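The structure under discussion appears below in the form of structure tokens.
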Amino acid sequence: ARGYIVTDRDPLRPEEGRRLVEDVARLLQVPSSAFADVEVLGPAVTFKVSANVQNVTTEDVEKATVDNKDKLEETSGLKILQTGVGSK
């Protein structure tokens with residue numbers, strides 16, 4: 001399952017999806033290398049969390065994103081409109 005974050009930017013630049021994912025990784029103390037398959041789709045960025053030394057899961061990433069939304073928005077300079085985990 002992938003995580004996703006929908007922003008107010010469209011199309012979201014690849015470079016910007018990457019920065020936003022890096023911001024989220026920092027909140028969780030995991031290197032950005034733990035996020036794989038990073039891709040932008042319209043206004044959204046999507047990603048997979050691989051197994052890591054911090055034991056951070058896909059749901060932990062979603063929760064940290066909700067809990068720190070305002071900080072992420074300040075750091076990134078964009079708005080987050082939705083976040084979640086996808087379903088096959």
Side-chain angles (χ1 to χ4, degrees):
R2 281 204 187 235
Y4 70 91
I5 300 176
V6 186
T7 78
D8 74 333
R9 302 277 160 101
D10 193 8
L12 181 68
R13 279 172 48 251
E15 311 93 338
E16 186 63 38
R18 178 51 82 173
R19 275 178 244 123
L20 184 59
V21 163
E22 285 160 3
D23 298 336
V24 170
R26 284 205 267 275
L27 253 41
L28 292 164
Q29 285 302 305
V30 290
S32 46
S33 80
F35 287 83
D37 302 329
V38 174
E39 195 171 9
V40 289
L41 301 164
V45 60
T46 73
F47 48 84
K48 309 226 191 118
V49 189
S50 321
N52 57 82
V53 303
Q54 308 274 50
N55 271 277
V56 159
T57 59
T58 315
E59 294 284 348
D60 292 344
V61 171
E62 203 217 309
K63 295 177 134 237
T65 307
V66 176
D67 303 344
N68 301 274
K69 173 176 102 177
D70 293 356
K71 309 173 211 258
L72 290 165
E73 292 180 342
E74 171 89 22
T75 300
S76 63
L78 51 75
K79 301 293 187 142
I80 290 173
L81 302 178
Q82 182 164 341
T83 188
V85 180
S87 321
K88 269 160 203 152

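The basis for the numbers below is simple: all heavy atoms, side chains too, and nothing from hydrogens, waters or symmetry mates. Position 1 is the first residue of the sequence, and the numbers go up from there.
Alongside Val85, the hydrophobic cluster contains no other residue (criterion: ILVMFWY side chains under 4.5 Å). Other cluster members for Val45: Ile5, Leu12, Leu20, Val21, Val24, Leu27, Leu28, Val30, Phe35, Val38, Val40, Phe47, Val49, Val56, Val61, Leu72, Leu78, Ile80, joined by side-chain heavy-atom distances under 4.5 Å among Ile, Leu, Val, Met, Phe, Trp and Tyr.
Residue pairs meeting the ring pair (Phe, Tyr, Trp, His ring centres under 6.0 Å) criterion with at least one member in residues 69-88: none, sequence neighbours excluded. Applying the salt bridge (charged side-chain N to carboxylate O under 4.0 Å, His left out) test to residues at least two apart or on different chains, the pairs with a partner in residues 4-15 are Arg13-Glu15. Pairs of residues two or more places apart, or lying in two chains, never qualify as ring pair (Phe, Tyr, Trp, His ring centres under 6.0 Å) while including a residue from residues 54-75. Applying the salt bridge (charged side-chain N to carboxylate O under 4.0 Å, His left out) definition to pairs two or more places apart or across chains, none involves residues 78-88.
More than 12 heavy-atom neighbours from other residues, nucleotides or ligands sit within 6.0 angstrom of CD on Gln54.
By the ring pair (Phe, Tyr, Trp, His ring centres under 6.0 Å) test, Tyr4 pairs with no residue at all, sequence neighbours left out. Among residues two or more places apart in sequence or in another chain, the side-chain hydrogen bond (donor to acceptor under 3.5 Å, both in side chains) test is passed with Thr57 by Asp60. In terms of the side-chain hydrogen bond (donor to acceptor under 3.5 Å, both in side chains) criterion, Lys69 has no residue partners (sequence neighbours excluded). Under the side-chain contact (heavy atoms from CB on, under 4.5 Å) criterion, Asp37 pairs with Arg2, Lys48, not counting sequence neighbours.
Considering all non-hydrogen atoms of both residues, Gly86 and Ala1 come closest at O-CB, 3.9 Å. In terms of heavy atoms, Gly3 sits closest to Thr58 at N-CG2, 4.2 Å.
A distance of 10.0 Å separates CD of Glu73 from OG1 of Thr7, quoted to the nearest 0.5 Å.
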Evaluation steps, side chain to side chain contact (heavy atoms under 4.5 Å, CB included), between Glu74 and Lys71: CA-CA 5 Å; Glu74 171 89 22; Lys71 309 173 211 258; 5.8 Å; no
